[PDB]
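Structure below is target17.csv: CSV, C-alpha atoms and all ligand atoms.
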```
chain,number,residue,atom,x,y,z
A,1,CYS,CA,157.2,95.1,152.0
A,2,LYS,CA,156.3,91.5,151.7
A,3,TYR,CA,153.3,92.4,149.6
A,4,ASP,CA,153.8,93.1,145.9
A,5,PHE,CA,150.7,95.4,146.0
A,6,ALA,CA,151.9,97.6,148.8
A,7,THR,CA,154.7,100.0,149.5
A,8,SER,CA,154.6,99.7,153.3
A,9,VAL,CA,153.1,97.6,156.2
A,10,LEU,CA,151.7,100.1,158.6
A,11,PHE,CA,150.3,97.8,161.3
A,12,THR,CA,150.7,94.0,161.5
A,13,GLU,CA,148.0,91.6,162.6
A,14,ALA,CA,150.0,91.1,165.8
A,15,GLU,CA,150.3,94.9,166.4
A,16,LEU,CA,146.6,95.4,166.0
A,17,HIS,CA,145.7,92.5,168.3
A,18,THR,CA,148.2,93.8,170.9
A,19,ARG,CA,146.5,97.3,170.7
A,20,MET,CA,143.0,95.8,170.8
A,21,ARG,CA,143.9,94.0,174.0
A,22,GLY,CA,144.9,97.3,175.6
A,23,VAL,CA,141.5,98.6,174.5
A,24,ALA,CA,139.6,95.5,175.8
A,25,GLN,CA,141.2,96.1,179.2
A,26,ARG,CA,139.9,99.7,179.2
A,27,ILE,CA,136.4,98.5,178.2
A,28,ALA,CA,136.3,95.9,180.9
A,29,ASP,CA,137.3,98.4,183.6
A,30,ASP,CA,135.1,101.1,182.1
A,31,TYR,CA,132.0,98.9,182.2
A,32,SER,CA,133.0,97.1,185.3
A,33,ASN,CA,129.9,98.2,187.1
A,34,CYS,CA,127.4,97.8,184.2
A,35,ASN,CA,126.5,94.2,185.3
A,36,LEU,CA,127.2,92.9,181.8
A,37,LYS,CA,126.0,89.2,181.4
A,38,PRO,CA,125.1,87.0,178.4
A,39,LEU,CA,121.4,87.0,177.4
A,40,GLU,CA,120.4,89.0,180.5
A,41,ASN,CA,122.4,92.2,179.7
A,42,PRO,CA,125.2,91.9,177.0
A,43,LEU,CA,127.1,94.8,175.5
A,44,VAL,CA,125.3,95.6,172.3
A,45,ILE,CA,128.0,95.7,169.5
A,46,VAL,CA,126.8,97.7,166.5
A,47,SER,CA,129.1,97.0,163.6
A,48,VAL,CA,129.2,99.6,160.9
A,49,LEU,CA,130.5,99.2,157.3
A,50,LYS,CA,130.9,96.0,155.4
A,51,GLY,CA,134.6,95.7,156.0
A,52,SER,CA,134.2,96.0,159.8
A,53,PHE,CA,133.3,92.3,160.0
A,54,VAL,CA,137.0,91.3,160.4
A,55,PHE,CA,137.6,93.8,163.2
A,56,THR,CA,134.3,93.0,164.8
A,57,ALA,CA,135.0,89.3,164.8
A,58,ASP,CA,138.4,89.8,166.5
A,59,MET,CA,137.3,92.5,168.8
A,60,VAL,CA,134.2,90.6,170.1
A,61,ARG,CA,136.4,87.6,170.8
A,62,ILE,CA,139.0,89.6,172.5
A,63,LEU,CA,136.2,91.3,174.5
A,64,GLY,CA,135.0,87.9,175.6
A,65,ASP,CA,138.5,87.2,176.6
A,66,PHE,CA,138.4,90.1,179.1
A,67,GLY,CA,135.0,89.0,180.5
A,68,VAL,CA,132.9,91.3,178.3
A,69,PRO,CA,129.8,89.5,176.9
A,70,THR,CA,128.6,91.0,173.7
A,71,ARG,CA,125.7,90.8,171.2
A,72,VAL,CA,126.4,91.9,167.6
A,73,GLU,CA,124.2,93.9,165.2
A,74,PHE,CA,125.2,94.8,161.7
A,75,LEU,CA,124.4,97.9,159.5
A,76,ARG,CA,126.5,97.6,156.4
A,77,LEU,CA,117.6,97.1,164.3
A,78,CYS,CA,117.2,95.3,167.6
A,79,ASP,CA,116.3,96.7,171.0
A,80,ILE,CA,118.8,99.1,172.5
A,81,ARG,CA,116.6,101.2,174.7
A,82,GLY,CA,118.1,101.1,178.2
A,83,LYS,CA,121.0,98.9,177.1
A,84,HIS,CA,124.7,99.7,176.7
A,85,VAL,CA,125.8,100.2,173.1
A,86,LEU,CA,129.3,100.2,171.6
A,87,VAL,CA,129.5,101.2,167.9
A,88,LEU,CA,132.5,99.6,166.1
A,89,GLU,CA,134.0,100.8,162.8
A,90,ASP,CA,137.1,99.6,161.0
A,91,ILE,CA,138.0,103.1,159.7
A,92,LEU,CA,137.1,106.5,161.0
A,93,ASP,CA,137.7,109.3,158.5
A,94,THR,CA,135.3,112.1,157.7
A,95,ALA,CA,133.3,110.9,160.8
A,96,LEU,CA,130.1,111.6,158.8
A,97,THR,CA,128.9,108.0,159.1
A,98,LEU,CA,129.7,107.7,162.8
A,99,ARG,CA,128.0,111.0,163.7
A,100,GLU,CA,124.8,109.9,161.9
A,101,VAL,CA,124.8,106.4,163.4
A,102,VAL,CA,125.5,107.7,166.9
A,103,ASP,CA,122.8,110.4,166.7
A,104,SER,CA,120.1,108.1,165.4
A,105,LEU,CA,120.8,105.4,168.0
A,106,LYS,CA,120.4,108.0,170.7
A,107,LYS,CA,116.8,108.4,169.6
A,108,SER,CA,116.3,105.0,171.2
A,109,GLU,CA,117.8,106.2,174.5
A,110,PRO,CA,120.3,103.5,175.6
A,111,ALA,CA,121.8,103.3,179.0
A,112,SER,CA,125.1,104.5,177.4
A,113,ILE,CA,126.8,104.7,174.0
A,114,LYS,CA,130.4,104.8,173.0
A,115,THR,CA,132.3,104.2,169.8
A,116,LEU,CA,135.4,102.1,169.0
A,117,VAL,CA,137.3,102.2,165.6
A,118,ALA,CA,140.2,100.1,164.5
A,119,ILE,CA,141.8,102.7,162.2
A,120,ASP,CA,141.3,106.4,162.9
A,121,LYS,CA,142.3,108.9,160.2
A,122,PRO,CA,142.5,112.1,162.3
A,123,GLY,CA,143.2,114.1,159.2
A,124,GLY,CA,140.1,113.3,157.2
A,125,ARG,CA,137.5,114.8,159.4
A,126,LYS,CA,134.8,116.9,157.8
A,127,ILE,CA,133.1,117.5,161.2
A,128,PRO,CA,134.5,117.3,164.7
A,129,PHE,CA,134.4,113.8,166.1
A,130,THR,CA,136.4,111.8,168.7
A,131,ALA,CA,136.0,108.0,169.3
A,132,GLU,CA,136.2,106.8,172.9
A,133,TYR,CA,138.6,104.0,171.9
A,134,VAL,CA,141.0,104.0,169.0
A,135,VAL,CA,143.2,101.1,168.1
A,136,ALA,CA,145.6,102.9,165.8
A,137,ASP,CA,146.1,106.1,163.9
A,138,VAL,CA,146.9,106.3,160.2
A,139,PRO,CA,148.2,109.3,158.2
A,140,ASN,CA,146.5,110.6,155.1
A,141,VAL,CA,147.4,107.6,152.9
A,142,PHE,CA,145.2,105.0,151.2
A,143,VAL,CA,145.5,101.8,153.3
A,144,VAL,CA,144.0,98.4,152.7
A,145,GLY,CA,143.8,95.3,154.9
A,146,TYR,CA,142.1,94.1,158.0
A,147,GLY,CA,138.8,94.3,156.3
A,148,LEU,CA,139.6,97.6,154.5
A,149,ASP,CA,139.1,97.2,150.8
A,150,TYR,CA,140.0,98.8,147.5
A,151,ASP,CA,136.9,98.1,145.3
A,152,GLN,CA,135.9,95.1,147.4
A,153,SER,CA,139.4,93.6,147.2
A,154,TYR,CA,142.2,93.2,149.7
A,155,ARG,CA,139.9,92.9,152.6
A,156,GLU,CA,141.5,89.6,153.5
A,157,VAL,CA,145.0,91.1,153.8
A,158,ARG,CA,146.0,90.4,157.4
A,159,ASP,CA,147.8,93.7,157.9
A,160,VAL,CA,147.0,97.4,157.3
A,161,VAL,CA,149.2,98.3,154.3
A,162,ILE,CA,149.6,101.3,151.9
A,163,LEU,CA,148.2,100.2,148.6
A,164,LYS,CA,150.8,100.6,145.9
A,165,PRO,CA,149.7,103.5,143.7
A,166,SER,CA,150.2,101.4,140.5
A,167,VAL,CA,147.3,99.2,141.7
A,168,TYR,CA,144.5,101.7,141.7
A,169,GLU,CA,146.0,103.9,139.0
A,170,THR,CA,145.8,100.9,136.5
A,171,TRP,CA,142.4,99.8,137.9
A,172,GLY,CA,140.6,103.0,137.2
A,173,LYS,CA,141.7,102.9,133.6
B,1,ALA,CA,135.7,69.6,183.8
B,2,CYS,CA,134.9,72.4,181.4
B,3,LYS,CA,136.7,75.7,181.2
B,4,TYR,CA,133.4,77.4,180.4
B,5,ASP,CA,130.8,77.6,183.2
B,6,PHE,CA,128.0,77.7,180.6
B,7,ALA,CA,129.1,74.7,178.6
B,8,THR,CA,129.1,71.0,179.3
B,9,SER,CA,131.9,70.2,176.8
B,10,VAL,CA,134.2,71.8,174.3
B,11,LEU,CA,134.0,70.2,170.9
B,12,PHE,CA,136.5,72.1,168.7
B,13,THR,CA,139.0,74.7,169.9
B,14,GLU,CA,139.9,77.9,167.9
B,15,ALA,CA,143.2,76.3,167.1
B,16,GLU,CA,141.6,73.0,165.9
B,17,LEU,CA,139.1,74.9,163.8
B,18,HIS,CA,142.0,76.8,162.2
B,19,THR,CA,144.1,73.7,161.7
B,20,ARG,CA,141.1,72.2,159.8
B,21,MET,CA,140.5,75.5,158.0
B,22,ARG,CA,144.1,75.3,156.9
B,23,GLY,CA,143.6,71.8,155.3
B,24,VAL,CA,140.4,73.1,153.6
B,25,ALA,CA,142.2,76.2,152.4
B,26,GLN,CA,144.8,74.0,150.7
B,27,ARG,CA,142.1,72.0,148.9
B,28,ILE,CA,140.4,75.2,147.7
B,29,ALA,CA,143.7,76.5,146.3
B,30,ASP,CA,144.2,73.2,144.3
B,31,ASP,CA,140.6,73.1,143.2
B,32,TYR,CA,140.7,76.7,141.9
B,33,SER,CA,144.3,76.6,140.7
B,34,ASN,CA,143.0,76.6,137.1
B,35,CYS,CA,140.7,79.6,137.6
B,36,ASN,CA,143.4,82.4,137.7
B,37,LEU,CA,142.0,84.0,140.8
B,38,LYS,CA,143.3,87.5,141.0
B,39,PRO,CA,142.4,90.6,143.2
B,40,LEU,CA,140.1,93.0,141.4
B,41,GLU,CA,140.1,91.2,138.1
B,42,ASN,CA,138.9,87.8,139.2
B,43,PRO,CA,138.5,87.3,142.9
B,44,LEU,CA,136.6,84.3,144.4
B,45,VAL,CA,133.3,85.8,145.4
B,46,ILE,CA,132.6,84.9,149.0
B,47,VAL,CA,128.9,84.8,149.9
B,48,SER,CA,128.6,84.7,153.7
B,49,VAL,CA,125.1,83.5,154.8
B,50,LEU,CA,123.7,83.8,158.3
B,51,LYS,CA,124.4,86.6,160.8
B,52,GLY,CA,126.8,84.6,163.0
B,53,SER,CA,128.9,83.6,160.0
B,54,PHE,CA,131.0,86.7,160.1
B,55,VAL,CA,133.4,85.0,162.6
B,56,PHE,CA,134.1,82.1,160.3
B,57,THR,CA,134.1,84.4,157.2
B,58,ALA,CA,136.7,86.7,158.8
B,59,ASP,CA,139.0,83.8,159.6
B,60,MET,CA,138.4,81.9,156.4
B,61,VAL,CA,139.1,84.7,154.0
B,62,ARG,CA,142.3,85.4,155.9
B,63,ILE,CA,143.4,81.8,155.8
B,64,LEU,CA,142.5,81.6,152.1
B,65,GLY,CA,144.6,84.7,151.5
B,66,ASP,CA,147.5,82.9,153.1
B,67,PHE,CA,147.1,80.1,150.5
B,68,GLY,CA,146.9,82.4,147.5
B,69,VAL,CA,143.1,82.7,147.3
B,70,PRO,CA,142.1,86.3,146.9
B,71,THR,CA,138.5,87.0,147.7
B,72,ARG,CA,135.7,89.5,147.8
B,73,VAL,CA,132.9,89.1,150.3
B,74,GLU,CA,129.1,89.7,150.2
B,75,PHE,CA,126.7,89.3,153.1
B,76,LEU,CA,123.2,87.8,153.2
B,77,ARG,CA,121.3,88.1,156.5
B,78,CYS,CA,126.4,92.2,143.3
B,79,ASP,CA,127.5,90.9,139.8
B,80,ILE,CA,128.1,87.2,140.0
B,81,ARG,CA,127.7,86.2,136.3
B,82,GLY,CA,130.9,84.5,135.1
B,83,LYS,CA,132.5,84.7,138.6
B,84,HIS,CA,133.4,81.8,140.9
B,85,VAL,CA,131.2,81.8,144.0
B,86,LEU,CA,132.0,80.1,147.3
B,87,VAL,CA,129.0,80.2,149.7
B,88,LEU,CA,130.1,80.3,153.4
B,89,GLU,CA,128.0,79.3,156.4
B,90,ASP,CA,128.9,78.7,160.0
B,91,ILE,CA,126.4,75.9,160.5
B,92,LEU,CA,124.6,73.5,158.0
B,93,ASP,CA,121.7,71.6,159.4
B,94,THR,CA,118.3,71.2,157.7
B,95,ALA,CA,120.0,72.6,154.6
B,96,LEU,CA,116.9,74.8,153.8
B,97,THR,CA,118.8,78.1,153.9
B,98,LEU,CA,121.8,76.8,151.8
B,99,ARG,CA,119.5,75.2,149.2
B,100,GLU,CA,117.5,78.4,148.7
B,101,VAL,CA,120.7,80.5,148.4
B,102,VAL,CA,122.6,78.2,146.1
B,103,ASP,CA,119.7,77.7,143.7
B,104,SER,CA,118.8,81.4,143.8
B,105,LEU,CA,122.4,82.1,143.0
B,106,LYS,CA,122.6,79.6,140.1
B,107,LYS,CA,120.0,81.8,138.2
B,108,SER,CA,122.7,84.5,137.8
B,109,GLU,CA,124.8,81.8,136.0
B,110,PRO,CA,128.2,82.1,137.9
B,111,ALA,CA,131.3,80.5,136.5
B,112,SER,CA,130.8,77.9,139.2
B,113,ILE,CA,129.5,77.6,142.8
B,114,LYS,CA,130.4,75.6,145.9
B,115,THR,CA,129.8,75.8,149.6
B,116,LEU,CA,131.9,75.8,152.7
B,117,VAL,CA,130.5,75.3,156.2
B,118,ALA,CA,132.3,75.4,159.5
B,119,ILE,CA,129.8,73.1,161.4
B,120,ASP,CA,127.9,70.4,159.4
B,121,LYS,CA,125.2,68.5,161.2
B,122,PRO,CA,125.0,65.6,158.8
B,123,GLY,CA,121.9,64.2,160.5
B,124,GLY,CA,119.7,67.3,160.6
B,125,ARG,CA,118.8,67.5,156.9
B,126,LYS,CA,115.2,68.2,155.9
B,127,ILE,CA,116.3,67.9,152.3
B,128,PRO,CA,119.4,66.2,150.8
B,129,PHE,CA,122.5,68.4,150.5
B,130,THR,CA,126.2,67.9,150.7
B,131,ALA,CA,128.7,70.8,151.2
B,132,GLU,CA,131.8,70.8,149.0
B,133,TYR,CA,133.9,71.6,152.1
B,134,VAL,CA,133.2,70.9,155.7
B,135,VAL,CA,135.5,72.0,158.5
B,136,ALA,CA,134.0,69.7,161.1
B,137,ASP,CA,130.9,67.6,161.7
B,138,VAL,CA,128.7,67.8,164.9
B,139,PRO,CA,126.0,65.4,166.0
B,140,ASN,CA,122.5,66.1,167.4
B,141,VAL,CA,123.8,68.6,170.0
B,142,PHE,CA,123.2,72.3,170.6
B,143,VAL,CA,126.5,74.1,170.3
B,144,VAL,CA,127.6,77.7,170.5
B,145,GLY,CA,130.8,79.6,169.8
B,146,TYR,CA,132.8,80.6,166.7
B,147,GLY,CA,129.9,82.8,165.8
B,148,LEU,CA,127.1,80.4,166.7
B,149,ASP,CA,124.7,82.0,169.1
B,150,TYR,CA,122.1,81.1,171.7
B,151,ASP,CA,119.5,84.0,171.4
B,152,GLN,CA,122.2,86.3,170.0
B,153,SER,CA,124.6,85.6,172.9
B,154,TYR,CA,127.8,83.5,173.1
B,155,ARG,CA,128.9,84.2,169.5
B,156,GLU,CA,132.2,85.5,170.9
B,157,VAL,CA,133.2,82.1,172.5
B,158,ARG,CA,136.4,81.2,170.6
B,159,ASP,CA,135.5,77.5,170.6
B,160,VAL,CA,132.5,75.4,169.5
B,161,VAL,CA,131.0,74.2,172.8
B,162,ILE,CA,127.9,72.3,173.9
B,163,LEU,CA,125.8,74.8,175.9
B,164,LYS,CA,124.7,73.6,179.3
B,165,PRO,CA,121.0,72.6,179.3
B,166,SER,CA,120.2,74.8,182.4
B,167,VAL,CA,121.1,77.9,180.3
B,168,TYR,CA,118.5,77.4,177.6
B,169,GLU,CA,116.0,75.6,179.9
B,170,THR,CA,116.1,78.8,182.0
B,171,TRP,CA,116.2,81.4,179.3
B,172,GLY,CA,113.2,79.9,177.4
B,173,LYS,CA,111.0,80.1,180.5
B,174,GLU,CA,112.2,83.7,180.7
B,175,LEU,CA,111.4,84.4,177.1
B,176,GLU,CA,107.9,83.2,178.0
B,177,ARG,CA,106.7,86.6,179.2
B,178,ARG,CA,103.0,87.6,178.3
A,201,LIG,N1,140.4,100.9,152.1
A,201,LIG,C1,140.4,102.2,152.6
A,201,LIG,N2,139.2,103.0,152.7
A,201,LIG,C2,139.2,104.4,153.2
A,201,LIG,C3,140.3,105.0,153.5
A,201,LIG,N3,140.0,106.2,153.9
A,201,LIG,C4,138.7,106.4,153.9
A,201,LIG,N4,138.2,105.2,153.4
A,201,LIG,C5,136.7,104.9,153.1
A,201,LIG,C6,136.2,105.6,152.3
A,201,LIG,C7,134.6,105.6,152.6
A,201,LIG,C8,133.9,104.4,152.1
A,201,LIG,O1,134.1,103.3,152.9
A,201,LIG,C9,133.5,102.1,152.5
A,201,LIG,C10,133.8,101.0,153.6
A,201,LIG,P1,132.8,99.5,153.2
A,201,LIG,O2,133.2,99.1,151.8
A,201,LIG,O3,133.2,98.4,154.2
A,201,LIG,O4,131.4,99.7,153.3
A,201,LIG,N5,134.5,105.7,153.9
A,201,LIG,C11,133.4,106.3,154.7
A,201,LIG,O5,132.4,106.7,154.2
A,201,LIG,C12,133.5,106.3,156.2
A,201,LIG,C13,133.1,107.7,156.7
A,201,LIG,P2,133.5,107.8,158.6
A,201,LIG,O6,133.9,106.4,159.1
A,201,LIG,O7,134.6,108.8,158.8
A,201,LIG,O8,132.2,108.2,159.3
A,201,LIG,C14,135.8,105.1,154.4
A,201,LIG,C15,141.7,104.2,153.4
A,201,LIG,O9,142.7,104.7,153.7
A,201,LIG,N6,141.7,102.9,152.9
A,202,LIG,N1,124.1,78.2,167.9
A,202,LIG,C1,123.6,77.0,167.3
A,202,LIG,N2,122.6,77.2,166.2
A,202,LIG,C2,122.0,75.9,165.6
A,202,LIG,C3,122.4,74.7,166.0
A,202,LIG,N3,121.7,73.8,165.3
A,202,LIG,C4,120.9,74.5,164.5
A,202,LIG,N4,121.1,75.8,164.7
A,202,LIG,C5,120.4,77.0,164.0
A,202,LIG,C6,119.2,76.9,163.9
A,202,LIG,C7,118.8,77.9,162.7
A,202,LIG,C8,119.0,79.3,163.1
A,202,LIG,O1,120.1,79.9,162.5
A,202,LIG,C9,120.6,81.0,163.2
A,202,LIG,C10,121.8,81.6,162.4
A,202,LIG,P1,121.9,83.4,162.9
A,202,LIG,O2,121.0,83.7,164.1
A,202,LIG,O3,123.3,83.8,163.1
A,202,LIG,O4,121.3,84.3,161.8
A,202,LIG,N5,119.6,77.6,161.7
A,202,LIG,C11,119.4,77.6,160.3
A,202,LIG,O5,118.4,78.0,159.8
A,202,LIG,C12,120.5,77.2,159.4
A,202,LIG,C13,119.9,76.8,158.0
A,202,LIG,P2,120.8,75.3,157.3
A,202,LIG,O6,122.1,75.1,158.1
A,202,LIG,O7,119.9,74.1,157.5
A,202,LIG,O8,121.1,75.5,155.9
A,202,LIG,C14,120.9,77.1,162.4
A,202,LIG,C15,123.5,74.5,167.1
A,202,LIG,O9,123.8,73.5,167.5
A,202,LIG,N6,124.0,75.7,167.7
```

Could you express the structure from this file as structure tokens?
Ligand SMILES: Nc1nc2c(ncn2[C@@H]2C[C@@H](COCCP(=O)(O)O)N(C(=O)CCP(=O)(O)O)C2)c(=O)[nH]1
Ligand SMILES: Nc1nc2c(ncn2[C@@H]2C[C@@H](COCCP(=O)(O)O)N(C(=O)CCP(=O)(O)O)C2)c(=O)[nH]1
Amino acid sequence: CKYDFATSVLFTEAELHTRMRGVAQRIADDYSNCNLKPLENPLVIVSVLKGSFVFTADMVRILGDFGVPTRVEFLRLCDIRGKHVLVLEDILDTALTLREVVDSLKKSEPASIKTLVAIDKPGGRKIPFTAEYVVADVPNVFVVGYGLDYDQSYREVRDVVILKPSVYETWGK
Amino acid sequence: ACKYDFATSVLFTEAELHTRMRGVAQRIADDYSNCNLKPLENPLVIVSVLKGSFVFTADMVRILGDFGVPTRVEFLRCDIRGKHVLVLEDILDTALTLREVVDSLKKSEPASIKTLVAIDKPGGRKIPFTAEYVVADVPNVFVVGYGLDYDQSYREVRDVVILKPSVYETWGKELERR
């Protein structure tokens, strides 16, 4: 590991962007008949969690690459009724946050609504929940990077790494 | 001959923005070299102001990390006493927002405080204000991209472009509903 605060690099910046391009192609095809256009009818991007800003910034730019115009909202509301909504989240774990955000947004009745997460932790669920688009899976380990923090730190790490246990063991004390 | 059907001209590409952000990142490293910036213990507190500033913030913190500047980010659209604060903003124009934030933040008595803007309109000031770091200047022209929006749209354009007048001449008359 090139990082002195990590035991392993799980996904590099290039790997994530490669995967996110595969997802952007699915989104473009998926919404091909939604008549998405700037101002008139963009895809409403609802970014959840403070750390999601890194992923949201890269995803929205990649989405524009594939002809998907967007409009970003942050909850870390606008006018979603009748409009297509895509919730983005950097990590999906217990799914308790996503379920609540999805259910509440439905109260506004948008044309459609789907979710996209950068890191899915399939093994952390406390309720059933599947995201329409997943960039990468991560086992049951504490990772930081790509916006994911440990106590507000390491968000800027370009890759998704396993935080060396000596880091958070010494920081709690 | 523009690559964007909605823009008259492209001012700064993503790559050019990053090349500039690399030069800025080196200066910040030198400037804070005596501050012992360290993750968790003493990170440089990044205050990102303005909704569209998430794009510049996402890229800037990452570049800064490349140059040995560990950061933690807050958003304005925490404890700062004794900490080093770098306010980040995608566009600086009248300076009214940045003046409010900086002077409101000085009340908490941080270790220091500076500002870094991606786009500085030197000629738009309503009050005097100079940013400590500026990635690039822009004149009296309406631009979009790199997080800068026109009515929430076009933030995702990877470059800072001048938006075609027909777009906002048309959309304004559409916003006129009543
Ligand atoms: N760095 C890092 N964090 C992890 C990891 N596993 C879980 N988490 C966090 C833990 C908690 C707080 O998250 C603040 C995010 P923030 O600071 O940006 O606000 N979470 C949620 O509550 C999401 C519920 P879900 O998404 O399932 O609905 C996700 C990991 O492995 N590494
Ligand atoms: N896209 C684009 N916007 C421009 C341009 N010139 C000015 N603005 C805006 C105008 C107003 C709205 O700001 C939206 C931020 P948001 O919608 O993301 O929240 N602003 C401020 O008040 C900054 C306070 P200052 O900089 O003086 O301290 C900046 C341009 O050329 N292109």

Return as a ChimeraX atom specification every polymer residue, whether protein, DNA or RNA, with at least one atom no more than 8 Å from an atom of ligand LIG 201 (chain A); count all atoms listed in the file. /A:48-52,76,89-99,121,124-125,138,140-145,147-152,162

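Closest approach to chain A among B:105, B:116, B:157, B:135 is made by B:157 (distances from all atoms listed in the file).
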
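With CA of residue 46 in chain B on one side and CA of residue 86 in chain B on the other, the separation reads 5.1 Å.
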
List all protein, DNA and RNA residues that have an atom no more than 6 Å from any atom of ligand LIG 202 (chain A), counting only C-alpha atoms and all ligand atoms, and report them as a PyMOL selection string. chain B and resi 50-52+91-98+141-144+148-150

Excluding same-chain residues fewer than 3 positions from residue 164 in chain B, what lies within 7 Å of it counting all atoms listed in the file, as a short mmCIF file (atom, residue, chain, number, x, y, z; two decimals) with C-alpha atoms, in the coordinates of the input?
```cif
data_model
loop_
_atom_site.label_atom_id
_atom_site.label_comp_id
_atom_site.auth_asym_id
_atom_site.auth_seq_id
_atom_site.Cartn_x
_atom_site.Cartn_y
_atom_site.Cartn_z
CA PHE B 6 128.00 77.70 180.60
CA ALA B 7 129.10 74.70 178.60
CA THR B 8 129.10 71.00 179.30
CA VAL B 167 121.10 77.90 180.30
#
```

Would you write out, as a Markdown table, a table of all residues in range 62-92 of chain A that have an atom no more than 8 Å from an atom of range 13-37 of chain A, listing for each the closest atom pair and the distance in Å to one decimal, considering all atoms listed in the file and ordering rows by chain and rising residue number?
```
| residue | atom | partner | partner_atom | distance |
| --- | --- | --- | --- | --- |
| A:62 | CA | A:21 | CA | 6.8 |
| A:63 | CA | A:24 | CA | 5.6 |
| A:66 | CA | A:28 | CA | 6.4 |
| A:67 | CA | A:28 | CA | 7.0 |
| A:68 | CA | A:28 | CA | 6.3 |
| A:69 | CA | A:37 | CA | 5.9 |
```

Could you list the residues in chain B lying within 8 Å of chain A, using only C-alpha atoms, and format the result as JSON, numbers by chain? {"B": [39, 40, 43, 54, 55, 58, 59, 61, 62, 65, 70, 71, 72, 73, 151, 152, 153, 154, 155, 156, 157, 158, 171]}

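Taking CA of residue 130 in chain B as the reference point, CA of residue 110 in chain B is found at 19.2 Å.
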
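As for CA of residue 160 in chain A and CA of residue 9 in chain A, they are spaced 6.2 Å apart.
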
Name the residues in contact with range 25-37 of chain B at a cut-off of 7 Å, using all atoms listed in the file, excluding same-chain residues fewer than 2 positions from it; report them as number ranges by chain. B: 21-23, 42-44, 63-64, 67-70

Give as a ChimeraX atom specification the set of residues within 9 Å of the point (126.7, 79.6, 136.8), where distances use the file's coordinates and all atoms listed in the file. /B:80-85,105-113

Nearest to residue 100 in chain A by atom-to-atom distance, counting all atoms listed in the file, from A:79, A:85, A:116, A:127: A:127
